[PDB]
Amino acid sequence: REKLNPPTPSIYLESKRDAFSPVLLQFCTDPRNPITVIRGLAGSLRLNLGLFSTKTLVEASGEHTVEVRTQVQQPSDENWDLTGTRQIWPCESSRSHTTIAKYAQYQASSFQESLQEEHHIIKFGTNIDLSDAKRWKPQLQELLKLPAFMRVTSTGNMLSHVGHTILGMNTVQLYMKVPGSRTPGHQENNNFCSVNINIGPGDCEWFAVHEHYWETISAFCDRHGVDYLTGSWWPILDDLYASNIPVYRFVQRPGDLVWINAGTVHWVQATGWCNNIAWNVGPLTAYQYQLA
């Protein structure tokens, strides 16, 4: 009943010196930590998160077309069937295109409309590519400030090589959200670790399960007729608990970085208005086992 709601591994850094440390690396890459939330790091490093505000993205690339997902707004622990009588696994999104500027108008308007003193659909801008140094140099330069183990460029500190860009397409991704925006359940591609920073002002609610349980999750997807690997799905928490699977549940506030270990099954819902930025940091999970 309480081994199933485990505490989420969490670090608060009072000093930047502790970010540039193999001790922090080892804490994060410990495979017993499906994720780790690092607080105070954006602050300590004085990262200009304003460079990732929607206003800034519109100024730089408002005319660019991006993918948008349309979803029924539901509480994070719910996913109803057509008849509104039962919970289900499949997580339906329609996929469409709009411009960054158009998404930004919707994001800002919906926020403005929420300010009154105390079904529905929402739209989520996904897979916004910030990889091109020709368009996004200031943003990428800010990301170069992170410790080498969390850095997009690893131990490198350059964005060009002999006059050519070096990052491939879709290396750095941004997600523009409103409350209800869901990232359905998945493991990170290629068994790489990744990092995710919330720009705010709103929060993201996260759910995670240790890799060890992935096959049981896949079996649930099978029973509900959705592909584990390629399909869109949202776990029914009661099913997980009834199978004795611990679920990590936490909130990622503005400035918090989430380290995601390889194989961790996770899913996320915005509870506020926010953007998130994310990139992979290579196959670092359990690397310390090399030293033993």
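Just count from 1 along the sequence shown to find any residue number.
Looking at mean Cα B-factors across 52-60 and 65-73, the upper value is held by 65-73. For the pair 274-282 and 16-24, the mean Cα B-factor is higher in 16-24.
Based on the entry's C-alpha B-factors, the most elevated value among 210, 177, 120, 145 belongs to 120. The residue among 201, 138, 156, 185 whose C-alpha atom has the highest B-factor in the PDB entry is 156.
Among the modelled residues of its chain, residue 259 has a C-alpha B-factor that falls in the lowest third according to the deposited record. When the modelled residues of the chain are ordered by their C-alpha B factor, residue 192 lands in the lowest third. Residue 220: CA B factor in the highest third of modelled residues in this chain (values from the PDB entry).
The entry lists a Cα temperature factor for residue 229 that places it in the highest third of the chain's modelled residues. Residue 81: CA B factor lies in the highest third for its chain, per the PDB record.
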